[PDB]
Amino acid sequence: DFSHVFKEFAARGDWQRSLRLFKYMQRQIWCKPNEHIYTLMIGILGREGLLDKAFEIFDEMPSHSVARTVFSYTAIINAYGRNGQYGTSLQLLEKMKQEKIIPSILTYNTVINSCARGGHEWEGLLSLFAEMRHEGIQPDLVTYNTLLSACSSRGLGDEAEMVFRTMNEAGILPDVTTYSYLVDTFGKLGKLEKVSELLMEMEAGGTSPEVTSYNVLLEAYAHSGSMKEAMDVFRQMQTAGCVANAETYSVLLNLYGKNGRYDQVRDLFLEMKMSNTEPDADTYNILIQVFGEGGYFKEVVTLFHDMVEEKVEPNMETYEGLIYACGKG
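Whatever position you read off the sequence shown (first residue = 1), add 1 for the working numbering.
Printed below as a string of structure tokens:
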């Protein structure tokens with residue numbers, strides 16, 4: 002019941018009441034706090050940024066005859082990493098190793114994440130992974146997603162290629178998360194064909210590729226000047242079949258504005274429109290801008306009749322262009 006109350010207080014952020022209850026139970030013989038209550042209090046203190054109080058509570062454990070477990074070490078490592086203290090996490094890992102405490106897969110993953118977020122060299126992450134492998138750590142799906150990122154965090158071109166291939170070459174791939182992060186890394190270096198691959202890898206895996214996923218790659222794909230590739234990616238996203246908010250179309254259309262087929266614009270509109278994905282305040286503004294640059298001002302007026310009927314409300318930029326249209330008209 003004490004642990005349940007502590008968890009409920011940590012869910013609401015009542016660190017003060019939890020600390021008071023812990024300090025009161027510490028003086029009670031019938032309610033002596035155990036290692037679980039100490040870990041819960043340390044986590045509650047770390048969630049609020051009370052590193053000093055958490056450290057004091059962790060140090061008072063031996064005076065209270067409370068057992069210490071890798072759990073507390075992993076919690077301290079995660080608390081240090083959340084503030085960018087990668088060196089402190091490495092020192093805590095070394096101290097735990099000196100204390101004959103066998104590190105777990107979660108502790109190694111937390112240390113790798115802390116090193117990645119703190120700006121440590123990719124060589125350090127590779128050495129940490131090699132050490133974890135030499136001490137027989139166990140792979141996990143969540144760890145694998147964060148591991149695909151490890152190379153991405155480094156940002157090296159070779160690392161970016163390895164980040165993506167880590168899943169493909171060994172033959173084990175997370176359906177969505179690994180593909181997204183690897184695609185992100187592939188992009189800065191330049192996913193030359195890695196872009197087609199990233200969607201293909203996620204899609205035929207046995208899980209249909211995510212729409213948001215299709216879009217994130219797609220948006221950069223536009224930055225890439227990928228147009229036929231992105232169009233193909235759009236027909237490909239169309240192949241994906243994942244339900245998509247008109248926002249995914251919106252982004253691509255905006256690039257297509259420079260393309261200005263102007264009937265390409267027309268066609269896409271009908272389909273997203275009748276697909277229960279009414280154009281967004283954003284999409285309407287984009288459409289007005291795209292049409293306006295290439296004329297069709299009468300059409301611009303028409304969009305006003307249309308927006309009103311839809312009942313989606315206008316916005317500052319929205320009203321604005323509509324007036325420019327009138328003016329040029």
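Every residue, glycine too, gets a C-beta built ideally from N, C-alpha and C.
* C-alpha distance - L254 paired with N146, whole-angstrom precision -> 31 Å
* Report yes if the C-beta distance between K54 and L46 is below 8 Å; otherwise report no. => yes
* Quick one: any contact between the segment 211-219 and the segment 241-254, if contact means 3 or more CB pairs under 8 Å? -> yes
* **Between the CA atoms of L91 and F292 - distance to the nearest angstrom** => 57 Å
* Assuming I102 contacts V71 (C-beta within less than 8 Å), just tell me the rounded distance between them. => 6 Å
* 7 Å CB neighbourhood of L107 in its chain, flanking five on each side removed -> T75
* Along the chain, which unbroken stretches of the alpha helix (DSSP H) at least 4 residues long are found entirely within the segment 219-265? -> 229-241 and 247-260
* Classify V309 as helix, strand or coil using the three-state DSSP reduction. => helix
* Are the Cβ atoms of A80 and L52 separated by less than 8 Å? -> yes
* Identify which residue in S227, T179, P280 and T111 has its Cα closest to the Cα of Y257. => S227
* What do you reckon, are the CB atoms on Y182 and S153 nearer than 8 Å? -> yes
* To do: Would you tell me roughly how many angstroms separate the C-alpha atoms of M62 and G156, rounded to the nearest one?
  => 42 Å
* Asked: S66 by DSSP, collapsed to three states: which one?
  -> coil
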